[PDB]
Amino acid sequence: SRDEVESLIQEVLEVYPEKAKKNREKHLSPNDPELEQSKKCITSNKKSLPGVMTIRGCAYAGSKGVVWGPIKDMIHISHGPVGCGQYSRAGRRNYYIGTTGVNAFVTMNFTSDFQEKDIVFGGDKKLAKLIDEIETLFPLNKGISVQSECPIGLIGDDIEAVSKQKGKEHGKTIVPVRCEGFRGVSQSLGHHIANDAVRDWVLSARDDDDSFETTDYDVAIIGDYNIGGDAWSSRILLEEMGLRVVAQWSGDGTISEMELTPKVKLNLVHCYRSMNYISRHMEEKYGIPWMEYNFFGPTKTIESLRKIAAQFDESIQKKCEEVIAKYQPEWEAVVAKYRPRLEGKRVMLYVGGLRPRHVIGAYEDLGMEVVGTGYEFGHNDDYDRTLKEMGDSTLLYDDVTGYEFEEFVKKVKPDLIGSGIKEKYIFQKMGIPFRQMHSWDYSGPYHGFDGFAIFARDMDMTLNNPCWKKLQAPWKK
């Protein structure tokens, strides 16, 4: 009940000093599904408390790691000391098809590798030379981005000047991005900066070019970074529904596709958090509407498909029903095999800016119950959409600490937890089945009808694995 949660929070909150206790009580709340405005319950997108072991990353992760890095045919420079780039190198499973090293570069790490020289004297000259070296050694690149690491702004380098100048010299799109770790409070501003960089440096390239053949069925997938091929298992359904997916952002994405996106009729936005900014921009300038969708589990995949089809004629609406009918026996078999094995089990989630609400439907479709969810860098308009998704008096936590997440789990005693790599091996030692909800535990995809099968299999394999029954020695009883 509500008061059982309200004093759980107070128990956990006792550990903190006076100043810290006040901050965290605002970021911890029971869910109230009848509420309209989430600011009454919880606060979000505020500074992290120093030294509380937040799970959050920086703006560079939001820009380079999330938005830009996935674009295949562009080369993305980690501009600064060797480090940020190394840890982000192929860390994220944003899948793509290409000849890596030749026409695509996603899983490579290009960096300026700052020494003292370059901090003292600035790295504008180094950046210039670096771009020339790329053009020589990587002739098939179709563009370059410059991802600013912390020092760049602090030493006052003008990467905008270099980008413009070298852009006109080589006749290539070179995008400067001010995604320095210290800006903002999380990945979230990194997205916003990255989005704004696309607007300012890329999106307007074909404003005066209507040579591309259009149809009234053209769309773009916006904010699907194709983890384990999620975008592909999404796309296939849209093209089977009789639509034309002109662009994907940015999973398996390309620059030509970004440039073509202002020509589509509808923007289909998976991740609101990361890509609502540019979606709004295209509605303003180019007049393109956009709608949020959700391809997690049959219930939402179906809802979404129909909601999209309804934006077109009755031909799409028909094709939509053929599609749903084609996959009904596939997902029904999945529910037959696995729902029995998962019915009643209880889950606690903690992910970034979307998946804490999106994946709920998928769990509910295997008879599971999400009892705890939280976002790392989510805003109050993310909590607005989580309200009706979560059960009554379930547990909400923004920017949860290591301490808080552990303490909560011990009282709630969930059958399963869904979170990231840093939280993974903690909860596996406590004997609690764990699934990664970023990397998919190196599995996937989990989107669409084809993904739901995999999702179900994966939850079952982990939740009912024989390893969990063996944690305690027979003698220590």
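Residue numbers run from 1 along the displayed sequence.
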Higher mean Cα B-factor in the deposited model: 326-334 or 391-399?
391-399
Averaging the C-alpha B factors as listed in the entry, name the stretch that ends up higher: 141-149 or 316-324.
316-324
In terms of CA temperature factor as recorded, identify the highest of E160, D382, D73, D113.
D382
Going by the deposited entry, which of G228, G374, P298, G190 has the highest CA temperature factor?
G374
Chain-wide C-alpha B factor ranking for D224, given as lowest, middle or highest third
middle
Where does the C-alpha B-factor of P433 rank in its chain, lowest, middle or highest third?
middle
Divide the modelled residues of the chain into thirds by Cα B-factor and specify which third, lowest, middle or highest, holds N464.
lowest
Which third, lowest, middle or highest, does the CA B-factor of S439 fall in along this chain?
middle
Give the position of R341 by CA B-factor within its chain, expressed as the lowest, middle or highest third.
middle
